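Novice: The structure is given below, and queries will be raised subsequently.
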Protein chains: 2
Amino acid sequence: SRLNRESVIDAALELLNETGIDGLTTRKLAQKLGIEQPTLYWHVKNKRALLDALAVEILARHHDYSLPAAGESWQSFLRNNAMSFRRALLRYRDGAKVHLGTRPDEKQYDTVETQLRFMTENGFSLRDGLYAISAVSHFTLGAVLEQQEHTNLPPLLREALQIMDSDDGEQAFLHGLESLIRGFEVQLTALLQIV
Amino acid sequence: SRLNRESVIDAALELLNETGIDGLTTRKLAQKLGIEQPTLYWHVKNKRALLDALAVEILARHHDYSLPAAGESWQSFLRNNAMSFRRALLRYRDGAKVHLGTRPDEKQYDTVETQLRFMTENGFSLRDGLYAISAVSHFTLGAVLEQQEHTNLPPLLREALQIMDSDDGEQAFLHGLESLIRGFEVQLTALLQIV
Ligand SMILES: CN(C)[C@@H]1C(O)=C(C(N)=O)C(=O)[C@@]2(O)C(=O)C[C@@H]([C@]3(C)OC(=O)c4c(O)ccc(Cl)c43)C[C@@H]12
Ligand SMILES: CN(C)[C@@H]1C(O)=C(C(N)=O)C(=O)[C@@]2(O)C(=O)C[C@@H]([C@]3(C)OC(=O)c4c(O)ccc(Cl)c43)C[C@@H]12
Ligand SMILES: [Cl-]
Ligand SMILES: [Cl-]
Ligand SMILES: [Cl-]
Ligand SMILES: [Cl-]
Ligand SMILES: [Cl-]
Ligand SMILES: [Cl-]
Ligand SMILES: [Cl-]
Ligand SMILES: [Cl-]
């Protein structure tokens, strides 16, 4: 079938859902494409090249709140952005694991640039602006990884693990998202006072 | 050489540092032990069994602030516990990736039980107590994963990525750790008031 970038990524993302990250190979991507391995090699040099492209394409396709609404509070932007990132990570099997170990692609540099600028415009230094955004990203990544991977107890543990499996991680994630944002705001608001 | 659990884990953890999680195999653990694969199979049934045991052993060996000091504020406990967890995850190559996809082993049930109880004793419901501890765990896991895996820019991005690589993730992690704990405290302190 067709072997333009878009077609190669469609098959590879569909295969990822079948196989996971561990069992995804170039040879079986060739299978799905109705093609021989050396044909595919022309288009994609190996598994590392492929995952890199899938990581970039998972953001472009499905992370659609990368940018603040005109007038949006910084708080609300980190909220919506966190939720979008999570959902984009959740849309494919092992998607957090696909995302792990890549930086933003050229194509989105200006988007991470705008995110960082937007924060500095709301009273953050570039550093504290970065730390808050990184924090959102690491909390969000960790919660999706744990969620996606979880796919004689003592009393409080038995009851805690019933509360963890009673959804897809959403409740726990959104509660701790609010703790993080308020924590940032408490930092922001104090300026140079001891807090 | 000796094939008691402790010896098998010592070699496997040392091999993990050589190889990573991807390239760690039973066959090469047999190599390191001066033994044949079928001998090792008696002791360890496969790679999944091994990683499960390495995940448990990474905590037992190196995560030594699993418990509050008598009199410790809940804040300070989450701090020290977060730092310890991080450091235990950082001590081996792909240690976050080894930890991902296991729950606490029997051996530490009472420790996670005590953690949860301790929080309920300081004004948390079991749920909000769980959400704060899970949040610490997901933030901490995500920051180590990103750190351990990172092993024409626009101006703010160029400068942000210089600040991210200027240490091992410690600065960014500890700053966002404090945002999280204060965020929790703002939640705790409000009781039933709108906040
Ligand atoms: C979830 N969001 C907060 C961010 C985001 O909106 C995007 C995105 N492309 O829209 C990201 O790339 C993010 O999801 C994201 O993962 C990147 C991350 C950050 C700060 O930017 C970086 O360039 C960068 C990096 O190179 C290494 C680590 C980290 Cl945490 C980063 C910013 C993330
Ligand atoms: C880093 N610490 C906050 C915790 C901790 O001290 C320990 C530990 N053995 O000492 C953990 O197991 C932790 O590091 C840890 O990873 C577990 C985690 C928790 C709430 O307990 C669970 O039993 C559990 C679970 O089954 C699934 C997900 C999560 Cl987040 C959890 C608690 C973590
Ligand atoms: Cl074609
Ligand atoms: Cl195309
Ligand atoms: Cl708003
Ligand atoms: Cl939220
Ligand atoms: Cl022996
Ligand atoms: Cl032993
Ligand atoms: Cl204290
Ligand atoms: Cl801290």
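We name chains A, B, ... following the order of the structure tokens; residues begin at 1 in each chain, and ligands are numbered from 1 as shown.
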Output the neighbourhood of ligand 6 as a compact mmCIF listing (two decimals) with C-alpha atoms, in the first residue's frame, that is, all protein and nucleic acid residues with some atom at most 9 Å from the ligand, counting only C-alpha atoms and all ligand atoms.
Specialist:
```txt
# COMPACT_ATOMS: atom_id res chain seq x y z
CA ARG A 79 -4.65 22.56 33.50
CA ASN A 80 -5.95 22.17 29.91
CA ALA A 82 -1.87 18.82 31.25
CA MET A 83 -5.19 17.15 30.39
CA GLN A 171 -9.47 11.29 39.58
CA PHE A 173 -4.36 12.80 38.37
CA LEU A 174 -6.70 15.81 38.35
CA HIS A 175 -6.65 16.19 42.15
CA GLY A 176 -2.80 16.26 42.18
CA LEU A 177 -2.82 18.53 39.11
CA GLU A 178 -4.66 21.14 41.25
CA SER A 179 -2.22 20.68 44.13
CA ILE A 181 -0.91 24.53 40.15
```
Novice: Could you please select, counting only C-alpha atoms, the residues of chain B within 6 Å of chain A and state them as an MDAnalysis selection string?
Specialist: chainID B and resid 101 113 131 135 138:139 141:143 149:150 156:157 172 176 179:180 182:184
Novice: Report the distance between CA of residue 43 (chain B) and CA of residue 4 (chain B) in Å, rounded to one decimal place.
Specialist: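 Distance reported for this atom pair: 8.1 Å.
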Novice: Please identify all protein, DNA and RNA residues within 7 Å of ligand 4, counting only C-alpha atoms and all ligand atoms, and report them as a list in words.
Specialist: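 For ligand 4, the residues inside 7 Å are residues 4, 5, 6 and 7 of chain A.
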Novice: Let me make sure I understand: among B:74, B:53, B:162, B:25, which one has the smallest atom-to-atom distance to ligand 1 if we use only C-alpha atoms and all ligand atoms?
Specialist: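 Closest to ligand 1 of all the choices is B:162.
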Novice: Throw together the list of residues within 8 Å of ligand 7, counting only C-alpha atoms and all ligand atoms, and drop it here as a list in words.
Specialist: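 Counting only C-alpha atoms and all ligand atoms, the residues within 8 Å of ligand 7 come out as residues 1, 2, 3 and 4 of chain B.
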Novice: Please measure the separation of CA of residue 84 (chain A) and CA of residue 59 (chain A), giving the value in Å to one decimal.
Specialist: 9.4 Å
Novice: Under the rule that only C-alpha atoms and all ligand atoms are counted, which of A:55, A:15, A:40, A:194 is the nearest residue to ligand 3?
Specialist: A:40
